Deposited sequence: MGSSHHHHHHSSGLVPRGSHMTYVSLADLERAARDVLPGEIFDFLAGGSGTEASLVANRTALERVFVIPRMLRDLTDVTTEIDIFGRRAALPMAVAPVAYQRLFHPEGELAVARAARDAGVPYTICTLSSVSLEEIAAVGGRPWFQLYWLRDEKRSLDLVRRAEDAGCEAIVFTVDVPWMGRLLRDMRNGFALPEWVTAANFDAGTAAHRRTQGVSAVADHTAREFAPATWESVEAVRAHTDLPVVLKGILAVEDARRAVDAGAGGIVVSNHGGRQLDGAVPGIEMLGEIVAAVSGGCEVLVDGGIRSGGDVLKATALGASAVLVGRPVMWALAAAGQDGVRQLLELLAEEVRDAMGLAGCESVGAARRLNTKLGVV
């Protein structure tokens, strides 16, 4: 029914109201960083290895103590009921059935306790709130509901200027709510409060500067996500993929280094791991599957990605994800 992610997006374009598709597809400003995320992955070529034993090819990884089926998690994407009536529950169920971590947003259209109840060891994405006490109660909620990691999003002191939204007069419909509720910019002091408040690993999403990666490790982060936020925050922010190699070297095994932005295939996952990522986050494509076919859509996308990943690892001579990290790359043209 679907052979690549490309045909998914077309499906979602038909199903969704254009102002919802635009909300999902769009970037900030002139969408330079949105485009650059794809340019970066397309410039990377792999140097595959030949003739290696591929008896037990496995795409599994251990991350934050738990096994995952792929080196991938579902990116935090707010208001998932915009794309399908079951919203976050459809996606979280498909993620659990696929063995892939799911990231519950601070701004989910279903409450985090409900999404966590689905099972499948989920993660919680935090946005720093007005006062510290509410922020730490959010952490506590997610911790009590059984979430396994606090994904502290650090690149949104405020939202980027999403011009597609401005020229649509797009507003949150009234059947979509911030189910976790009945906002202020974070600092390294905020990170310290969260780290002190939880035993869960704390993961900072939106690190792009080598020195912010070093400071994340010193701050006790269990990991970072190297990310320009899908090109929706600072327009002109460097793509995560372009900083990944440097950051991995500076961090020097001190924490997990994830990357997101533009992952559209198993080959892209391979590239990311060959540049040194522990895992990737996938955002928009998961929402395309959700809008096209609900939970079964996302399941199919996750299975198609699982096959593409295992395909690419074997054709490159990698029996484990660790070996994929030891691949070399070469930059190409366009």
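**Student:** Wait, which stretches of the deposited chain are just not there in the structure?
**Tutor:** 1-21, 204-225 are the stretches of the deposited chain that have no C-alpha coordinates in the structure.
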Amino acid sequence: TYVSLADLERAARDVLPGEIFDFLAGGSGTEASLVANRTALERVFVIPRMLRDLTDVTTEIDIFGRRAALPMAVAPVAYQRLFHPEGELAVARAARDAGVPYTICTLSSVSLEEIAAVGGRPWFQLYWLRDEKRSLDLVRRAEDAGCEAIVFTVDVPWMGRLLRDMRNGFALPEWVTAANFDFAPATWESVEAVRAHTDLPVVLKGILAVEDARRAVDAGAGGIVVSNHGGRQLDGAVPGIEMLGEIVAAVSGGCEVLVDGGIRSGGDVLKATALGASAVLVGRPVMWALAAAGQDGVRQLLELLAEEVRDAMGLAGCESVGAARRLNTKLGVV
From here on, numbers count along this sequence of modelled residues.
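**Student:** Comparing 71-79 with 122-130, where is the mean C-alpha B-factor higher?
**Tutor:** Result: 122-130.
**Student:** Going by the mean C-alpha B-factor recorded in the entry, which is higher: 52-60 or 269-277?
**Tutor:** It is 52-60.
**Student:** Going by the deposited entry, which of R215, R140, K205, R96 has the highest CA temperature factor?
**Tutor:** Highest CA B-factor of the listed options: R140.
**Student:** Looking at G253, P185, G230, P101, which one carries the largest C-alpha B-factor according to the PDB entry?
**Tutor:** Spelled out: the listed residue with the top C-alpha B-factor is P185.
**Student:** If you rank the chain by CA B-factor, which third does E246 end up in: lowest, middle or highest?
**Tutor:** Ranked within chain, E246 CA B lands in the lowest tercile.
**Student:** Could you tell me which third, lowest, middle or highest, the C-alpha B-factor of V210 occupies within its chain?
**Tutor:** Answer is middle: the recorded C-alpha B-factor places it there.
**Student:** Should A25 be placed in the lowest, middle or highest third of its chain by the C-alpha B factor in the entry?
**Tutor:** It falls in the middle third of the chain.
**Student:** Select lowest, middle or highest to describe the third in which the CA B-factor of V44 falls within its chain in this entry.
**Tutor:** It belongs to the lowest third of the chain when residues are ordered by C-alpha B-factor.
**Student:** Grab the CA temperature factor for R310 from the record and place it in the lowest, middle or highest third of its chain.
**Tutor:** Answer is middle: the recorded C-alpha B-factor places it there.
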